[PDB]
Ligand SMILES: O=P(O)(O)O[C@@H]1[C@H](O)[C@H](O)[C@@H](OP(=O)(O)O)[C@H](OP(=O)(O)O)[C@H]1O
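Have a look below at one chain only, the form deposited without the ligand, in structure tokens format.
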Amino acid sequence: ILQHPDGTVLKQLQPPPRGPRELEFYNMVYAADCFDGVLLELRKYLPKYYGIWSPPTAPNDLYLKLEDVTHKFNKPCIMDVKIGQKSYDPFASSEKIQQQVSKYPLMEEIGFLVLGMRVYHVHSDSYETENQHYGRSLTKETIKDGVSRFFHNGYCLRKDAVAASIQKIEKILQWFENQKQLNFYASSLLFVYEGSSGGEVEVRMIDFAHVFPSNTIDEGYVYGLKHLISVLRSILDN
């Protein structure tokens, strides 16, 4: 992701077939002539999409121009959470399924995986970062405290940001409860709150290289969201 000072980002297309699929997804959802109510509602939860972009001298080099969801924040605290029971897609080979399950074999049980976090600490005027191995090390026993870490800012547990996140995720859950046309694998939620010196959160869906047509509820995604909501709710009792 390349952050631009105009409030947008450029996301380089992943190698094929993943990049091309993600392009196709953004093009479908944001089709100017689209009047599908499911897709019009979905736009609210995605970064705004400004089309394919390449450098003036390099039409080979393909990016998505997207809204920078952290732009309105001063000291953004950011967490990326992969959602679902399966991070492989319906056409994955045996090898690929094994590859994906082995990356985090608790995916089926927990239904989400923390990809990373960046947390502003007021006392030190600095950021604490956690990489992909942080989330992959969390179990049923440590997931609550693992998620809690994201909200430790300003000398306190930020229960305002926790509650706002639940409220925002609930709207995304409601969208999933009311569509049976897309299933999302290896997709994420990006959480942002203000770390600088209340209740102000962004939650957006990102990462769409494995979104497929469906005729059922996305049950794995729903499971993950619900479990994430339940974990966040338990953090409100701390």
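Residue numbers run from 1 along the displayed sequence.
Heads up, the form solved in complex with the ligand isn't pictured, but that's what we're talking about next.
The putative spot formed by 18, 132 and 136 is fully lined by the ligand in the entry with it bound; each residue has a non-hydrogen atom within 4.5 angstroms of it.
When the ligand is considered in the entry with it bound, only one residue from 142, 99, 126, 74 comes within 4.5 Å through any heavy atom, namely 99. Residue in contact with the ligand in the entry with it bound (any heavy atom within 4.5 Å), chosen from 168, 121, 103, 159: 103.
Looking at residue 186, you'd find a heavy atom of it within 4.5 angstroms of the ligand in the entry with it bound. Among heavy atoms of residue 14, some come within 4.5 Å of the ligand in the entry with it bound.
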